[PDB]
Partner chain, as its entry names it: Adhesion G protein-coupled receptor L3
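One chain comes next, on its own, written as structure tokens: the form deposited without its partner chain.
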């Protein structure tokens, strides 16, 4: 039981946070389990060589430090690693090779771009399940990502493109978050989402989609968020095969008309949110009125009301008799 003077130690929990450290203290107990190193001014040269030997460390909190690249020399068996609010740009295969049992990784609020990541950095990370890259400088999705991933948060980046191979192979992915990016349908590869069998949430809030994306996986897709884009259109096959989808939101978009029977595969739809769309109730909208009346009471529909013509503005599409 030897605990560094600056820090305080209690039964494997090492509290070295908020102590203006520029370096990690040398005398860490061998029975270390969780490392509280957050809220320090720690840079990459402040990690001692002996840190690697702390073989019982499973959780490390290094958020809100001064790290400018991926920390090497971390305890060989880390499982939980929180690097948010650092200045990390570079990430190399070698660095990640050092902690191959890593399971969840928080790089939120850093300065990583796709190029600042070595190609194939993750080839050994055969246990990574959670990868959070929220609020970085990514402009695309990195080609080499481990099959084991289950959650992938990429919100508020500068992503404008998504190659097919970046997402293909992620056959375990369940949640994919691309809110707050610069995506438009030109930026989408052919079947980028197509192979994500295990996908449960797709969240594309706050981009520049002008059309509902196609070739989505319908085996498990349960929630689908498309708000705050500029979607003009629903291609005929957009919601194809989504037999498990119970939630779909296209609020704050630019839809005025729906193709006939786009919602025909939505066997499990329960929540359909279309507030703030410029719905135009003409002879093209008549099928929708029917479909609404044929819809089970269970199902919750919101915002599906006429904006045009002014004549019938604000009236529920389910309740109209005559429009043209």
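Numbering follows the first chain given and starts at 1.
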In the PDB record, does 8-16 or 310-318 carry the higher mean Cα temperature factor? 310-318
Take the C-alpha B-factors listed in the entry for 194-202 and for 77-85, compute each mean, and give the stretch with the larger one. 194-202
Candidate set 104, 249, 119, 150 [ranked by C-alpha B-factor, highest]: 119
Member of 223, 123, 129, 174 with the greatest C-alpha B factor (per the PDB record): 123
Residue 259: C-alpha B-factor third of its chain, per the entry, is the middle
Going by the CA temperature factor in the PDB record, which third of the chain does residue 29 belong to: lowest, middle or highest? lowest
Looking at the C-alpha B-factor of residue 291, is it in the lowest, middle or highest third of its chain? middle
Of the three thirds of the chain ranked by Cα temperature factor, residue 35 occupies the lowest
Sort the modelled residues of this chain by their C-alpha B factor and say whether residue 279 lands in the lowest, middle or highest third. middle
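One more form of this protein, deposited with its partner chain bound, exists but is not displayed; see below.
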When its partner chain is placed as it is in the deposited complex, are 18, 36 and 151 each within 4.5 Å of it, taking any non-hydrogen atom of the residue? yes
Among the candidate stretches 249-257, 186-194, 161-169, 77-85, which one is within 4.5 Å of its partner chain in the deposited complex when only heavy atoms are counted? 77-85
In the deposited complex, the one of 233, 89, 175, 98 near its partner chain [non-hydrogen atom within 4.5 angstroms]: 175
In the deposited complex, the one of 121, 130, 114, 211 near its partner chain [non-hydrogen atom within 4.5 angstroms]: 130
Is residue 59 close enough to touch its partner chain in the deposited complex, meaning at least one heavy atom pair within 4.5 Å? yes
Find out whether any non-hydrogen atom of residue 8 is located within 4.5 angstroms of its partner chain in the deposited complex, and reply yes or no. yes
With a 4.5 Å heavy atom cut-off, would you call residue 263 a contact of its partner chain in the deposited complex? no
Does any heavy atom of residue 291 come within 4.5 Å of a heavy atom of its partner chain in the deposited complex? no
Contacts from 254-289 to its partner chain in the deposited complex (any heavy atom within 4.5 Å), listed N to C, are none
